[PDB]
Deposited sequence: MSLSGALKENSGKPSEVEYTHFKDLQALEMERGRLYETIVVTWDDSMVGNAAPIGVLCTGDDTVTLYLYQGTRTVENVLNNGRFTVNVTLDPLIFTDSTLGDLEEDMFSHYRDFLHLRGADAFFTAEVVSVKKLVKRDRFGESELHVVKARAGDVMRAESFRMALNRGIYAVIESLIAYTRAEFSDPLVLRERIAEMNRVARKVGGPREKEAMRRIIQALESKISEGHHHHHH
């Protein structure tokens, strides 16, 4: 596809504080491409943060060269093929000396400005918090939106509500976590309203 060059992330309509599901493309020093789904937190007009688990090709590539592209797509097969295994050589395109996803609705180049270790606890792992600056922002005519799970978590909770015991509370809890993790104040307020109606 053909890309139009834009100044920054506002052309992708990314909003400060939201986490976007994206395909992150990285490469080793032989320029062998790697792709994987990674959440990308928008922190400002031209900055993002990534939270990267240890021992993946994504983190090792990124810590080795400080470079990556973030790629917007809504194709479930790209998310699937880059999770179950590796994308084929032909899924990688060059842009200057960055690689990106062939056929991405939008991508931006990114350079690492800081990295920080971080203990994660849920249900203990150590992660890298990688803050980056966006360089060139490339948008195709096929771009519509960057994928965000906030609206989906509210929708799944409403559907569960319409059919409302331990599983339900559990579903509502997973969805609330997702909404707080990735969403904005409207999503979080939606979740509050739903939990309120469930308590009643």
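Deposited sequence positions missing from the model - stretches, numbered from 1, in order: No coordinates exist for the deposited residues in 1-16, 140-141, 183-186, 223-233, so these stretches are absent from the model.
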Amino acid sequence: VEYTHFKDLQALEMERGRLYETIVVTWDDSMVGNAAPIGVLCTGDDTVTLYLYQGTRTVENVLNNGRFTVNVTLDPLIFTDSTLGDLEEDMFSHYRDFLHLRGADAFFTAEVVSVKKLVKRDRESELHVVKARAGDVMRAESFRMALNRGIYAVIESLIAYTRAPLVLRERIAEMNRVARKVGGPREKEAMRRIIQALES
From here on, numbers count along this sequence of modelled residues.
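Higher-scoring stretch by recorded Cα B factor average, 154-162 or 167-175: Per the deposited B-factors, the answer is 167-175.
73-81 versus 91-99: which one carries the higher mean Cα B factor per the record? Comparing 91-99 with 73-81, the higher average CA B-factor belongs to 91-99.
Which third, lowest, middle or highest, does the C-alpha temperature factor of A190 belong to within its own chain? Its C-alpha B-factor, which the entry lists for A190, ranks in the middle third among residues of this chain.
By the recorded C-alpha temperature factor, relative to the other modelled residues in its chain, which third is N148 in? Lowest third of the chain for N148's C-alpha B-factor.
When the deposited Cα B-factors of this chain's modelled residues are ordered and cut into thirds, is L9 in the lowest, the middle or the highest one? It belongs to the highest third of the chain when residues are ordered by C-alpha B-factor.
Sorting by Cα B-factor within the chain, modelled residues only, which third would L127 end up in: lowest, middle or highest? Within its chain, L127 is a highest-third residue by C-alpha B-factor, going by the deposited values.
Would you check the entry's CA temperature factor for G55 and let me know if it's in the chain's lowest, middle or highest third? It belongs to the highest third of the chain when residues are ordered by C-alpha B-factor.
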